[PDB]
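Form deposited in one PDB entry, single chain, as structure tokens, below.
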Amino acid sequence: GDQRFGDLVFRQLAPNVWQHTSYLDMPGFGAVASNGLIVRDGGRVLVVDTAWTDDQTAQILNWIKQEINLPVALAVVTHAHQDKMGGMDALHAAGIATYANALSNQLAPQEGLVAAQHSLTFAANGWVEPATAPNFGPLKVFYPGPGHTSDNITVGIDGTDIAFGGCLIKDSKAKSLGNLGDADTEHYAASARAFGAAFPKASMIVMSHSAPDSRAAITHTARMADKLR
């Protein structure tokens, strides 16, 4: 089901939901896939995460123009790393309103990234404060606690069986938790389990660096994270 578009890949997950995939070569290691989401909600499109680069992100918008041909109302980006926020300038050039965790916006400059235009904040239990996420339609944004990064956030899609763990969640057969350089090793396991508890009905778990999986991605990730503490 993978549709090639230039150097990117697009996969329809549900009637109005597509996964976007972009790649960054790393000498000595390999080309790393990063996944985000595209959601049609009525007469607009919503984006979750940029691609690694501005050019790649502009290609996502080109795909949306060709395949959906509706305005992109907003994007939400799920932490201040290159795979999630590397293409912010491309969104802004296109006139797209952008949203991120307040802390992501705070950290973005020092990470060599451009901040989103708008900051999300979260209730104590981790649900986004709804007034900070206007017009998010079916996107349900949840801060599961610090894990992959301190600022990592997650997104469920109402009307679907899909929840997006971003770089918090790895697939059920993953051999590691990837890049832990900015991780909270104490809180990771609890944060993974909190993601699963936030979206208990989601049967399709989408994530940054693996193809969509069953909820065994959550249990496996949490089990691996237990060993960090």
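Residue numbers here begin at 1 and follow the sequence given.
Of 120 to 128 and 70 to 78, the one with larger mean CA B-factor: If you average the C-alpha B-factors of 70 to 78 and of 120 to 128, the larger mean comes out for 120 to 128.
Would 138 to 146 or 80 to 88 have the larger average of its C-alpha temperature factors, as given in the entry? Going by the record's values, the stretch with the higher mean is 138 to 146.
Per the entry's Cα B factor values, which of 49, 182, 54, 41 stands out as the maximum? The C-alpha B-factor peaks, among 49, 182, 54, 41, at 182.
Highest Cα B-factor in the deposition, which of 17, 211, 24, 9? If I rank 17, 211, 24, 9 by C-alpha B-factor, first place goes to 211.
When the deposited Cα B-factors of this chain's modelled residues are ordered and cut into thirds, is residue 109 in the lowest, the middle or the highest one? It belongs to the middle third of the chain when residues are ordered by C-alpha B-factor.
So where's residue 63 on the chain's Cα temperature factor ranking, which third? It belongs to the lowest third of the chain when residues are ordered by C-alpha B-factor.
Check where residue 198 lands among this chain's C-alpha B-factors and tell me if it's the lowest, middle or highest third. Highest third - that is where residue 198 ends up once the chain's C-alpha B-factors are sorted.
Quick one: classify residue 174 as lowest, middle or highest third of the chain based on its Cα B-factor. Its C-alpha B-factor, which the entry lists for residue 174, ranks in the highest third among residues of this chain.
Residue 204 - which third its CA temperature factor falls in, relative to the rest of the chain: It belongs to the highest third of the chain when residues are ordered by C-alpha B-factor.
Below, we turn to the form deposited with a small molecule bound, even though it does not appear here.
Please pick out the stretch from 134 to 142, 97 to 105, 116 to 124, 79 to 87 that is in contact with the small molecule in the deposited complex, where contact means heavy atoms within 4.5 Å. Only one stretch passes the 4.5 Å heavy-atom test: 79 to 87.
Does residue 70 reach the small molecule in the deposited complex if we count a contact as any heavy atom within 4.5 Å? No, residue 70 stays farther than 4.5 Å from the small molecule in the deposited complex.
Quick one: is residue 52 in contact with the small molecule in the deposited complex, heavy atoms, 4.5 Å cut-off? Yes, residue 52 is a contact residue.
Since only the chain is shown here, I'm wondering whether residue 197 would be in contact with the small molecule in the deposited complex (any heavy atom pair within 4.5 Å). Residue-level check for residue 197: no, no contact with the small molecule.
The small molecule contact in the deposited complex: residue 189, any heavy atom under 4.5 Å: The answer is no: residue 189 has no heavy atom within 4.5 Å of the small molecule.
Among 64, 48, 202, 167, which has at least one heavy atom within 4.5 Å of the small molecule in the deposited complex? Contact check passes for 167.
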